[PDB]
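Colleague: Dropping a structure here in structure tokens format, bear with me for questions.
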Amino acid sequence: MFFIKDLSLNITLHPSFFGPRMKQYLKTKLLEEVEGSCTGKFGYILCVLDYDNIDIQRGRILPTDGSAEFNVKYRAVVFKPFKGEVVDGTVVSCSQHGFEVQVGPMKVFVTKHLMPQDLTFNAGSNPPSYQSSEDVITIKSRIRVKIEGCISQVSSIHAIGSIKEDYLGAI
Amino acid sequence: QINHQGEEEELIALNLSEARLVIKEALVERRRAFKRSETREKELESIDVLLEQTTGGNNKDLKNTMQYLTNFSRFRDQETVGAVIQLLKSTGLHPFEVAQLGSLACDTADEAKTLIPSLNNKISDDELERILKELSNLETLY
Amino acid sequence: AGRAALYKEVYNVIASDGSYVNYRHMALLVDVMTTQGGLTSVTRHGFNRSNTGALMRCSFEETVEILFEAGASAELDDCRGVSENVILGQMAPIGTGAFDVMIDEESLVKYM
Amino acid sequence: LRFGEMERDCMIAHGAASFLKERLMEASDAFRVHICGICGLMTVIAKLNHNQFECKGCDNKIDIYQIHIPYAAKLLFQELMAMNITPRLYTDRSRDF
Amino acid sequence: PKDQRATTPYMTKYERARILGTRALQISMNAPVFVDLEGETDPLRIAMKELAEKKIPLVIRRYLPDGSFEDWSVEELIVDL
Amino acid sequence: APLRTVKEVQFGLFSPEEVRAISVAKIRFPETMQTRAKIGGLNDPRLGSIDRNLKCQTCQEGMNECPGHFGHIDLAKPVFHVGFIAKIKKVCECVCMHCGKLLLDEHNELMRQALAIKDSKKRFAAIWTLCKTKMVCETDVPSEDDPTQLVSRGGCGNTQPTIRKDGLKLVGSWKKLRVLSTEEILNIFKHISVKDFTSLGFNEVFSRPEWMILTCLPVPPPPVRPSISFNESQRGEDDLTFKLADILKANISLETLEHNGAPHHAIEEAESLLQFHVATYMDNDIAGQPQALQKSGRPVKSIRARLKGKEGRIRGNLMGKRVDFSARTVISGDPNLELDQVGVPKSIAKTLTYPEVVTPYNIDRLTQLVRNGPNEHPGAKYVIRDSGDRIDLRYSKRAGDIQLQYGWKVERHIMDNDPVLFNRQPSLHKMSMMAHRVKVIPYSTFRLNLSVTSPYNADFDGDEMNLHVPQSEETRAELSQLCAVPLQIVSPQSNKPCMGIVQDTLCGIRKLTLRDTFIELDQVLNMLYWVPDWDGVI
Amino acid sequence: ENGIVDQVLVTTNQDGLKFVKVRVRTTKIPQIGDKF
Amino acid sequence: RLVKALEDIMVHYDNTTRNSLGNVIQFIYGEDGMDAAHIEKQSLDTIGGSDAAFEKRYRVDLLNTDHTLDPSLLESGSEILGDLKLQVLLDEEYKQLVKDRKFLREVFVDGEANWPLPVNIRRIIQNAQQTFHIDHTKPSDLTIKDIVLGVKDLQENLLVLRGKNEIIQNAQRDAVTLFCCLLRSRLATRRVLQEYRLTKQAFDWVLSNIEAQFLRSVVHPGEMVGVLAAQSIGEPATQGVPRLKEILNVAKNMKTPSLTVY
RNA sequence: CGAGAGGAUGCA
DNA sequence: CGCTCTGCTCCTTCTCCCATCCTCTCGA
DNA sequence: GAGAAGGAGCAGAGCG
Ligand SMILES: [Mg+2]
Ligand SMILES: [Zn+2]
Ligand SMILES: [Zn+2]
Ligand SMILES: [Zn+2]
């Protein structure tokens, strides 16, 4: 799901950036560094609340060089998965072994081992949906998925969405 | 939990539609800061304008995330969101549970219990039946 | 009382050869040996046998014997000693390092 | 030339801490090490060419820190670990407030 | 705890040295100069000039044993050294 | 990756499971080498690679930026850690010997006071002095609150042996006698409770008694025990490398003897040998006779030897060390030199350098210096581009071709008024080191104003001093404002000025200021002009 | 160092291994700082 | 060995001394918070001299003949003589000095009257006299109220501590008790008229100048005193000596034990 | 590469 | 008289001693 | 060969 959490981040500035512009410039740098972040602790970082009134908290000048470190505090919106969650998502891509669906900012694979036993891949369909049962799932159609844990990766975060359940079925 | 402000703020189980509303407000304020420097279809297109006018477009996933979240947005009218917030939170429902009901479509109490195991064991179905029908009525209005 | 006696006793030794050093330097020494509620010598069996940071204690007269004692006792050093920082090679919190220098963003903008 | 123990004492007296650091680091022994946040040990695989880090035995790939210490200091700890002692280094004081 | 700071208003020799060194380092790195140049190519002399007339944009944090601290703007401090 | 600084240090003992977890490989063979390759079970590429081999456990970077990684040795039998043999003895004197509890408990008033001690080090110290006197762990102990009631605490309820130190092993003398089984001690320690750790000062997560007995040895990688090629590709590897090979052979034999028929006795000695080697490896200098000797006949240098003692890895490489950007030579006097000045041999200034930064205020001067080149004095050696391109002006005509850019560094030679630091060994006190202003002179010795020798305790009879050149801009200011000679005219040691007029200069003042001295006009005019501060008024 | 080759001696030990010795000479002029 | 004992002793911003563990050693460095480098021996004129002599050098009586103030000393003559109000100020001043006189007799039993103290007052007065060649041959424009009030105001500015609680203030009073005893001694109203015939402008200049000089001599926080004390003892130690080793090492078995009974 | 030896260097 | 128990004494067991330079030699 | 920390042993007064 999505949560609002006060997060902190440390930024170091080269001396050349020690001009009056830092008020807005450091907020900017925070925005580039923070926006669009993937992390197992906090899942996906979506947006930073209160884009003004950001907590600079005074720069700390290092002794090695003229760069100054800033402990930036900010409120931001993050997305997190939980084991055994239900999501009203949609199919992103089709595959013989299952489907890939969108779960907010996260990609979930809907594996054939966990779609209904009566539901089987139908290569003939275009897209090649699963059509052997009433649960017709395709890229264009919506899908409720059942998050079977989380599988985080360095580049991104993904999980497994099961459909073989009394709920969280197709569409 | 505790925020970084020294304040013991409890976990914010933010709802999907209310999350979208908050993000829209944040994008509007971001465009404002730059200046100092509804149906799901209308909302989806409008946000993309804010995202394009507030970000550089590098992070398309958030644009996708908002677009697909808007498609499944269940309480688009912010004013109606206030009702569901009161409907669920006023009952003492655990925030983790509140977000699910206020983000996922559900008709009957058993369906909510069926979908959410945590509710199945301790929740009052009578409130579910009352609230879910109220929210279901609100859901149809969109 | 002994602390006063110690100062007088040490004072005689220094003044005996005609030399003179400021009262403060003696006073600090005698005070240190009595801060522990008793005449603590300055040997490996006195000053060394303190509760100070283990890493700092390592360099006085015993090195490996102290390490084992710490590991057995799960000792923890606060890193406020000068030598500790020296071993880690960090700016000891002394003199020029006894404080932190931070950018006054307010003044910077206020000045143009 | 030897900058022995007696030498630094005078610098300590003057209080010229910053210069002392330069002599003890910049002159010689400068070295960088990676340390696991969970366990304060130099047990980090540094795939700098791939910008990938990992601490086997902790399954940690996020709690890595660059630290500058005298190369002799690294040798000291590595010998200590061979001695079955655990010099755990932590970058965050336990006494918060 | 800026309200009723307990440290002396005068400026210590060590912190004088630290401020001068740091500001000179900033000048060497093309940091913004706040005083007109009379040909003092010496960055240290530039920093000395800056300090003499209180143009350094730095704030010093004095620490107390208990871990608390006081914050002082270099303008606030009085220099007699 | 993130940068930080050390804030606190925590010590403790390895968990053997942790040791195995960290290890990137298991050592199995004593052989280090068909001609150049290394045995996978020792000094393999998974440890610190040898030069030109960018593996270091797939860490590449040769040795420049990559340390080593620890190995693992699975010992056949547990052995006692030498440093804790006495400590292990003390704890075993307090435990209930196959019960896991302490010989005595809190139900006695004394232990409550001892258990009330805040200092952990004193805590067990008081307890040990008390428990060691107890010789029985009876199950039922009369309660102080109810003497008629006895606390059924002692699980064993039996007596205990008296423990005696036997070289590398302990002997349990039962009041009715045998060598204590190292394995049993693990069982006794494993029975200890966390509550007991608090009484014994042990940390539940950092130092547990059972971990005081070595079941696996962390093998340091080659960087700790560097490979030696002193002679024509001759190994002569460090003692530790040979020492470990011995332990492997000892351990391998102990396993071999057990497997091959279990000749019980032969296993007994082999255990002592393994106990002997491990003890010597960690420390080859014990109270007892046992003394490992290298095949050359010299004693084997154990790790403690490398670390303990002056010129060890503490006092000889951390409290002090060899430094560069420094000079040493003989000194001489010069009355024509100001206090804060010093004559530096012209050659030395052409060797030491300073990393000055290219800025709009000095680009012109630096440009010329690079044009001069390292050969002439007022020149520089290396031009450092922002990317780290240390262009060596010595081996390039580019001295007349490079165009400097802002942010680059130039290894400027020492020039006049550069603040530098002196020191006369021994540096007895603060005044033994001050900062001066360089003055380049064409003769091979340092020059001082006559009057600065009093604090230095110097002497022109052939004494030497050490010259140190700061490298960072901050340091220059730091010295010029704290350690400059004039700042130390008056010392806090005795509230007295340290310098004055000495030797001939002092005598001249007596004659000069004597009542009957008169100076002719011709002499006076010259004498005035010498005073650089004269206002021109006769 | 600095100097000129004074006399080169080529010989052999009892083992037939050729040995070379080179003596180099130079003049030391009393300089500023030399001890007396 | 010695330097390691004091390797980590330093003065903190609260003007106290602590080791690496934060344990206190002295609540005020050197018991006065004054830097050793700015201390030079000075006389304590109130200790010596016979009581009659002491009365002679300070006592002033505007009513009687024993200690009549000479009118020529000041532009104001009879205006001062007979003014009981001023006589009260002189009494407390004279009484105040008397308390110091007996007080110091306990601080220094032997009666020695030359101790290291900050700020050389003797030098300051001479500068004022020769600053603009004060005419020592004419009456001055000073007034006893100004002299007395100036002294009291001066004592209020000698801040070595800054805390506003009684505990800190109480130490602040003690940290300069000895010094202010010197201050009153050489700035006594009488001495400011006969021996130091200062003018009002000079007198004000002195009051301002002394404060600046005194404050500069305050120990700077962060002075690594521990090392300094060790070295300051080691150097004379290079020149009794076995005895010093006998003290640092407690060495219960002293070589030559001896008493001294009075 | 370690070990050893020599010469020291500095005192009212 | 019986038995305990801190006091005091008689052996062991280590543990540490100015910083530098500046060499040549010897044998693994 | 010198001094401090450890360990063992005689030992005489007090309680049962
Ligand atoms: Mg000499
Ligand atoms: Zn780890
Ligand atoms: Zn590697
Ligand atoms: Zn037992």
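A note on labels: chains of the structure tokens are A, B, ... as shown, every chain counts residues from 1, and ligands are counted from 1 in their shown order.
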Which residues sit within 7 Å of ligand 3, counting only C-alpha atoms (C1' of nucleotides) and all ligand atoms, listed as a compact mmCIF listing (two decimals) with N, CA, C and O atoms, in the first residue's frame?

Modeller:
```txt
# COMPACT_ATOMS: atom_id res chain seq x y z
N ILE D 45 32.34 -7.12 0.22
CA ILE D 45 32.85 -7.33 -1.13
C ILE D 45 32.53 -6.09 -1.95
O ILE D 45 31.36 -5.73 -2.13
N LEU F 47 41.57 -15.53 -1.67
CA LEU F 47 42.19 -14.66 -0.69
C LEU F 47 42.88 -13.51 -1.42
O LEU F 47 42.68 -13.35 -2.64
N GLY F 48 43.67 -12.72 -0.70
CA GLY F 48 44.37 -11.61 -1.32
C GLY F 48 45.30 -12.07 -2.42
O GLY F 48 46.31 -12.73 -2.16
N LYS F 55 42.12 -10.75 -8.80
CA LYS F 55 41.01 -11.57 -8.33
C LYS F 55 40.56 -11.14 -6.94
O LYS F 55 39.42 -10.69 -6.77
N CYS F 56 41.45 -11.26 -5.95
CA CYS F 56 41.15 -10.92 -4.56
C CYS F 56 39.70 -11.25 -4.21
O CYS F 56 38.97 -10.45 -3.62
N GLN F 57 39.28 -12.47 -4.57
CA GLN F 57 37.89 -12.89 -4.48
C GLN F 57 37.02 -12.06 -5.42
O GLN F 57 36.00 -11.48 -5.05
N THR F 58 37.48 -12.00 -6.67
CA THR F 58 36.77 -11.27 -7.71
C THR F 58 36.66 -9.80 -7.34
O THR F 58 35.77 -9.09 -7.83
N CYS F 59 37.55 -9.33 -6.48
CA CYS F 59 37.58 -7.93 -6.09
C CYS F 59 38.54 -7.09 -6.93
O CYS F 59 38.53 -5.86 -6.80
N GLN F 60 39.35 -7.71 -7.78
CA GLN F 60 40.27 -7.00 -8.65
C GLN F 60 41.02 -5.92 -7.88
O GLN F 60 41.36 -6.12 -6.71
N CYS F 66 42.17 -3.01 -2.74
CA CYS F 66 41.40 -4.16 -2.28
C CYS F 66 42.15 -4.88 -1.16
O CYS F 66 43.29 -5.33 -1.36
N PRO F 67 41.55 -5.02 0.02
CA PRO F 67 42.16 -5.83 1.07
C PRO F 67 41.92 -7.32 0.81
O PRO F 67 41.39 -7.72 -0.22
N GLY F 68 42.35 -8.12 1.78
CA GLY F 68 42.15 -9.55 1.72
C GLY F 68 40.83 -9.96 2.35
O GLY F 68 40.06 -9.14 2.86
N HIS F 69 40.58 -11.26 2.31
CA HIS F 69 39.36 -11.84 2.86
C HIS F 69 39.74 -13.06 3.67
O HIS F 69 40.61 -13.84 3.27
```

Colleague: Counting only C-alpha atoms (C1' of nucleotides) and all ligand atoms, what are the residues, protein, DNA or RNA alike, that approach ligand 4 to within 6 Å? I want them as a list in words.

Modeller: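 Using only C-alpha atoms (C1' of nucleotides) and all ligand atoms, I find these residues within 6 Å of ligand 4: residues 96, 97, 98, 99, 100, 155 and 156 of chain F.
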
Colleague: For segment 31-44 of chain C, list every protein, DNA or RNA residue within 7 Å, evaluated using only C-alpha atoms (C1' of nucleotides), and leave out those in the same chain fewer than 5 positions away; present the list as a PyMOL selection string.

Modeller: (chain C and resi 3+49+61) or (chain H and resi 5+25+248-250)

Colleague: With N, CA, C and O atoms retained, export the selected residues as a compact mmCIF listing (two decimals), in the first residue's frame.

Modeller:
```txt
# COMPACT_ATOMS: atom_id res chain seq x y z
N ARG C 3 45.89 15.44 49.38
CA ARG C 3 46.06 16.16 48.13
C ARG C 3 46.85 17.44 48.35
O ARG C 3 47.78 17.76 47.60
N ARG C 49 44.97 1.01 34.96
CA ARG C 49 43.86 0.18 35.43
C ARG C 49 42.64 1.05 35.72
O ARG C 49 42.08 1.07 36.82
N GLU C 61 51.24 0.76 28.55
CA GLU C 61 52.32 -0.19 28.85
C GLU C 61 51.95 -1.63 28.50
O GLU C 61 52.83 -2.49 28.43
N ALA H 5 49.20 9.98 31.40
CA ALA H 5 48.29 10.19 32.52
C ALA H 5 47.36 11.37 32.25
O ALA H 5 46.19 11.35 32.66
N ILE H 25 37.51 17.24 36.96
CA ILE H 25 38.77 17.32 37.69
C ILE H 25 38.83 18.58 38.53
O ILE H 25 39.06 18.52 39.74
N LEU H 248 55.46 10.04 42.06
CA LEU H 248 54.58 9.57 41.00
C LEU H 248 54.22 8.11 41.20
O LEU H 248 53.04 7.75 41.22
N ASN H 249 55.23 7.26 41.37
CA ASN H 249 55.01 5.90 41.85
C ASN H 249 54.84 6.00 43.36
O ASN H 249 55.77 6.36 44.08
N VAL H 250 53.63 5.69 43.84
CA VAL H 250 53.34 5.87 45.26
C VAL H 250 54.37 5.16 46.11
O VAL H 250 54.85 5.71 47.11
```

Colleague: Give the residue list for ligand 1 at 9 Å, counting only C-alpha atoms (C1' of nucleotides) and all ligand atoms, as a ChimeraX atom specification, sorted by chain and then by residue number.

Modeller: /F:457-463 /I:9-10

Colleague: Pull N, CA and C atoms (P, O5', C5', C4', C3', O3' and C1' of nucleotides) from the residues just selected and write them as a PDB file, in the first residue's frame.

Modeller:
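Once everything was written out, this is result10.pdb:
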```
ATOM      1  N   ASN F 457      66.479  24.119  22.767  1.00  0.00           N
ATOM      2  CA  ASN F 457      67.607  23.453  23.407  1.00  0.00           C
ATOM      3  C   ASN F 457      68.619  23.013  22.355  1.00  0.00           C
ATOM      4  N   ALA F 458      68.687  23.766  21.265  1.00  0.00           N
ATOM      5  CA  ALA F 458      69.509  23.409  20.122  1.00  0.00           C
ATOM      6  C   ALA F 458      70.975  23.712  20.393  1.00  0.00           C
ATOM      7  N   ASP F 459      71.813  23.330  19.436  1.00  0.00           N
ATOM      8  CA  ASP F 459      73.254  23.499  19.558  1.00  0.00           C
ATOM      9  C   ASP F 459      73.853  23.304  18.176  1.00  0.00           C
ATOM     10  N   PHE F 460      74.653  24.265  17.726  1.00  0.00           N
ATOM     11  CA  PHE F 460      75.208  24.231  16.381  1.00  0.00           C
ATOM     12  C   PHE F 460      76.425  23.330  16.264  1.00  0.00           C
ATOM     13  N   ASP F 461      76.653  22.446  17.229  1.00  0.00           N
ATOM     14  CA  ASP F 461      77.785  21.533  17.186  1.00  0.00           C
ATOM     15  C   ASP F 461      77.529  20.313  16.311  1.00  0.00           C
ATOM     16  N   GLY F 462      76.553  20.374  15.410  1.00  0.00           N
ATOM     17  CA  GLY F 462      76.279  19.267  14.515  1.00  0.00           C
ATOM     18  C   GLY F 462      74.926  18.632  14.747  1.00  0.00           C
ATOM     19  N   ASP F 463      74.073  19.294  15.520  1.00  0.00           N
ATOM     20  CA  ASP F 463      72.745  18.761  15.775  1.00  0.00           C
ATOM     21  C   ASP F 463      71.889  18.855  14.520  1.00  0.00           C
TER      22      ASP F 463
ATOM     23  P     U I   9      78.716  13.333  18.697  1.00  0.00           P
ATOM     24  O5'   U I   9      77.207  13.765  18.981  1.00  0.00           O
ATOM     25  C5'   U I   9      76.386  14.290  17.922  1.00  0.00           C
ATOM     26  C4'   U I   9      74.958  14.439  18.387  1.00  0.00           C
ATOM     27  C3'   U I   9      74.760  14.794  19.850  1.00  0.00           C
ATOM     28  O3'   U I   9      75.022  16.161  20.138  1.00  0.00           O
ATOM     29  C1'   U I   9      73.135  13.207  19.138  1.00  0.00           C
ATOM     30  P     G I  10      76.130  16.600  21.260  1.00  0.00           P
ATOM     31  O5'   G I  10      75.482  17.896  21.925  1.00  0.00           O
ATOM     32  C5'   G I  10      74.217  18.412  21.475  1.00  0.00           C
ATOM     33  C4'   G I  10      73.122  18.144  22.485  1.00  0.00           C
ATOM     34  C3'   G I  10      73.532  18.089  23.947  1.00  0.00           C
ATOM     35  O3'   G I  10      73.663  19.404  24.498  1.00  0.00           O
ATOM     36  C1'   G I  10      71.960  16.368  23.455  1.00  0.00           C
TER      37        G I  10
END
```

Colleague: May I have the residues within 12 Å of ligand 2, computed using only C-alpha atoms (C1' of nucleotides) and all ligand atoms, as a ChimeraX atom specification?

Modeller: /D:34-45,53-65,88-90 /F:18-19,21-22

Colleague: Residues of the last selection are to be written out with C-alpha atoms, as a short mmCIF file (atom, residue, chain, number, x, y, z; two decimals), in the first residue's frame.

Modeller:
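Saved the output as part.cif:
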```cif
data_model
loop_
_atom_site.label_atom_id
_atom_site.label_comp_id
_atom_site.auth_asym_id
_atom_site.auth_seq_id
_atom_site.Cartn_x
_atom_site.Cartn_y
_atom_site.Cartn_z
CA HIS D 34 33.96 -0.74 3.37
CA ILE D 35 32.16 -1.83 6.52
CA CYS D 36 28.84 -3.57 7.11
CA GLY D 37 26.40 -1.52 9.15
CA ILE D 38 25.06 -4.54 11.03
CA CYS D 39 28.50 -5.96 11.86
CA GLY D 40 31.37 -3.53 12.31
CA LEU D 41 33.85 -5.58 10.29
CA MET D 42 35.73 -5.24 7.01
CA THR D 43 33.68 -8.06 5.49
CA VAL D 44 32.35 -6.20 2.45
CA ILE D 45 32.85 -7.33 -1.13
CA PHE D 53 28.44 -4.30 -2.46
CA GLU D 54 27.58 -7.24 -0.23
CA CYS D 55 28.40 -8.54 3.25
CA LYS D 56 28.35 -12.33 3.21
CA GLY D 57 26.96 -13.65 6.48
CA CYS D 58 24.63 -10.68 6.97
CA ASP D 59 22.82 -10.80 3.60
CA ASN D 60 23.13 -7.00 3.56
CA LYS D 61 23.55 -4.98 0.36
CA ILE D 62 22.52 -1.51 1.57
CA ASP D 63 24.48 -0.95 4.80
CA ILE D 64 27.93 -0.24 3.37
CA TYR D 65 30.09 2.74 4.32
CA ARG D 88 33.30 -3.89 15.76
CA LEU D 89 33.27 -0.37 14.32
CA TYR D 90 30.02 1.60 14.44
CA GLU F 18 30.06 -16.32 12.38
CA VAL F 19 33.68 -17.17 11.57
CA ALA F 21 29.97 -17.36 7.65
CA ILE F 22 32.55 -14.64 6.98
#
```

Colleague: With a distance cut-off of 10 Å and only C-alpha atoms (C1' of nucleotides), select the neighbouring residues of segment 89-93 of chain B, excluding the residue or stretch itself and same-chain residues fewer than 4 positions from it, and output the selection as a tab-separated table (two decimals) with N, CA, C and O atoms, in the first residue's frame.

Modeller:
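The new file result-v3.tsv reads:
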```tsv
chain	number	residue	atom	x	y	z
B	83	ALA	N	-15.92	11.28	3.98
B	83	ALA	CA	-16.91	10.40	4.60
B	83	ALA	C	-16.32	9.02	4.89
B	83	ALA	O	-16.40	8.53	6.02
B	84	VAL	N	-15.73	8.39	3.88
B	84	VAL	CA	-15.18	7.05	4.08
B	84	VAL	C	-14.09	7.07	5.14
B	84	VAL	O	-13.98	6.13	5.94
B	85	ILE	N	-13.28	8.12	5.17
B	85	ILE	CA	-12.28	8.26	6.23
B	85	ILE	C	-12.97	8.21	7.59
B	85	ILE	O	-12.55	7.48	8.49
B	97	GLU	N	-5.99	-2.01	8.06
B	97	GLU	CA	-7.26	-2.51	7.55
B	97	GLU	C	-8.07	-1.40	6.89
B	97	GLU	O	-8.77	-1.63	5.90
B	98	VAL	N	-7.97	-0.18	7.43
B	98	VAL	CA	-8.74	0.94	6.90
B	98	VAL	C	-8.39	1.18	5.44
B	98	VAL	O	-9.27	1.35	4.59
B	99	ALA	N	-7.09	1.18	5.13
B	99	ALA	CA	-6.66	1.46	3.76
B	99	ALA	C	-7.22	0.44	2.78
B	99	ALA	O	-7.67	0.79	1.69
B	119	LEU	N	-9.58	-9.15	9.16
B	119	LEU	CA	-10.94	-8.78	9.56
B	119	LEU	C	-11.78	-10.00	9.90
B	119	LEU	O	-12.64	-9.93	10.78
B	123	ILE	N	-13.68	-8.63	13.27
B	123	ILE	CA	-14.40	-7.44	12.82
B	123	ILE	C	-15.89	-7.60	13.07
B	123	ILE	O	-16.42	-8.72	13.13
B	124	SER	N	-16.57	-6.47	13.23
B	124	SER	CA	-18.03	-6.45	13.38
B	124	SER	C	-18.66	-6.36	11.99
B	124	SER	O	-18.62	-5.30	11.35
B	127	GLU	N	-21.19	-3.39	11.09
B	127	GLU	CA	-20.62	-2.15	10.58
B	127	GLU	C	-20.17	-2.32	9.14
B	127	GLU	O	-20.37	-1.42	8.31
```

Colleague: Between atom CA of residue 441 of chain F and atom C1' of residue 21 of chain J, what is the distance, to one decimal in Å?

Modeller: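 About the pair atom CA of residue 441 of chain F and atom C1' of residue 21 of chain J: they are 24.1 Å apart.
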
Colleague: Apply DSSP to the structure's backbone, then extract all residues of segment 330-471 of chain F labelled alpha helix (DSSP H) and return them as a PyMOL selection string.

Modeller: chain F and resi 346-349+363-372+453-456

Colleague: Residues at most 12 Å from residue 2 of chain I, counting only C-alpha atoms (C1' of nucleotides), excluding those fewer than 3 positions away in the same chain, as a list in words?

Modeller: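 Here the qualifying residues turn out to be residues 230, 236, 238, 239, 296, 298, 299 and 301 of chain F; 26, 27 and 28 of chain J.
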
Colleague: Please, could you write that set of residues out with C-alpha atoms (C1' of nucleotides) as a PDB file, in the first residue's frame?

Modeller:
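This went into part.pdb:
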```
ATOM      1  CA  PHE F 230      63.616 -11.105  -1.121  1.00  0.00           C
ATOM      2  CA  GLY F 236      60.997 -17.194   2.573  1.00  0.00           C
ATOM      3  CA  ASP F 238      56.564 -14.855   6.786  1.00  0.00           C
ATOM      4  CA  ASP F 239      56.565 -16.946   9.945  1.00  0.00           C
ATOM      5  CA  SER F 296      66.826 -21.076  10.894  1.00  0.00           C
ATOM      6  CA  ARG F 298      65.456 -18.000  15.554  1.00  0.00           C
ATOM      7  CA  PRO F 299      62.267 -17.949  17.649  1.00  0.00           C
ATOM      8  CA  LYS F 301      57.480 -14.440  15.757  1.00  0.00           C
TER       9      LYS F 301
ATOM     10  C1'  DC J  26      76.023 -11.534   8.245  1.00  0.00           C
ATOM     11  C1'  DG J  27      73.396 -15.256   7.365  1.00  0.00           C
ATOM     12  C1'  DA J  28      69.442 -17.421   6.543  1.00  0.00           C
TER      13       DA J  28
END
```

Colleague: Record the distance separating atom CA of residue 163 of chain H and atom CA of residue 9 of chain E, expressed in Å with one decimal.

Modeller: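 Atom CA of residue 9 of chain E lies 12.6 Å from atom CA of residue 163 of chain H.
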
Colleague: Residues near segment 105-119 of chain H, anyone? I mean within 8 Å using only C-alpha atoms (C1' of nucleotides), not counting same-chain ones fewer than 4 positions away, as a list in words.

Modeller: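 The filter keeps residues 34, 38, 39, 40, 41, 42, 43, 44, 45, 47, 48, 101, 179, 210, 213, 214 and 217 of chain H.
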
Colleague: Would you tabulate, counting only C-alpha atoms, all residues of chain H that have an atom at most 7 Å from an atom of chain C, showing the closest pair of atoms and their distance in Å to one decimal, sorted by chain then ascending number, as a tab-separated table?

Modeller:
```
residue	atom	partner	partner_atom	distance
H:4	CA	C:60	CA	6.8
H:5	CA	C:47	CA	6.3
H:8	CA	C:81	CA	6.1
H:20	CA	C:81	CA	5.3
H:21	CA	C:52	CA	6.5
H:25	CA	C:35	CA	6.3
H:30	CA	C:24	CA	5.0
H:222	CA	C:95	CA	5.0
H:223	CA	C:95	CA	6.2
H:224	CA	C:95	CA	6.9
H:229	CA	C:25	CA	4.5
H:232	CA	C:25	CA	6.8
H:236	CA	C:19	CA	6.7
H:240	CA	C:13	CA	5.7
H:244	CA	C:13	CA	6.7
H:248	CA	C:42	CA	6.0
H:249	CA	C:41	CA	5.4
H:250	CA	C:41	CA	5.6
```

Colleague: Measuring atom to atom with only C-alpha atoms, identify which of H:221, H:82, H:71, H:49 is nearest to chain D.

Modeller: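 Of all the options, H:221 lies closest to chain D.
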
Colleague: Would you work out the distance separating atom CA of residue 121 of chain F from atom CA of residue 200 of chain F, expressed in Å to one decimal?

Modeller: 8.5 Å

Colleague: Counting only C-alpha atoms, which residues from chain F have an atom at most 7 Å from any atom of chain D, and could you show them as an MDAnalysis selection string?

Modeller: chainID F and resid 1:14 21:22 59 218:220 224 282 313 317:324 326 427 429:430 475 478 482:483

Colleague: Write out as a ChimeraX atom specification every residue belonging to chain J that has an atom at most 12 Å from any atom of chain D, counting only C-alpha atoms (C1' of nucleotides).

Modeller: /J:18-21

Colleague: Okay, now the selection with C-alpha atoms (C1' of nucleotides), as a CSV table (one decimal), in the first residue's frame?

Modeller:
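part.csv written:
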```
chain,number,residue,atom,x,y,z
J,18,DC,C1',65.3,8.5,26.2
J,19,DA,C1',63.9,9.9,21.5
J,20,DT,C1',66.0,10.2,16.8
J,21,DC,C1',69.8,9.0,12.5
```

Colleague: Taking the chain letters and numbering used in this document, name the residues of segment 59-215 of chain F that DSSP puts in strand (DSSP E), as a PyMOL selection string.

Modeller: chain F and resi 71-80+140-142+150-152+162-166+169-173+178-179+213-215

Colleague: Within 12 Å of residue 5 of chain J, counting only C-alpha atoms (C1' of nucleotides), which residues show up once you throw out same-chain ones fewer than 3 positions away? Write them as a PyMOL selection string, please.

Modeller: chain K and resi 11-15
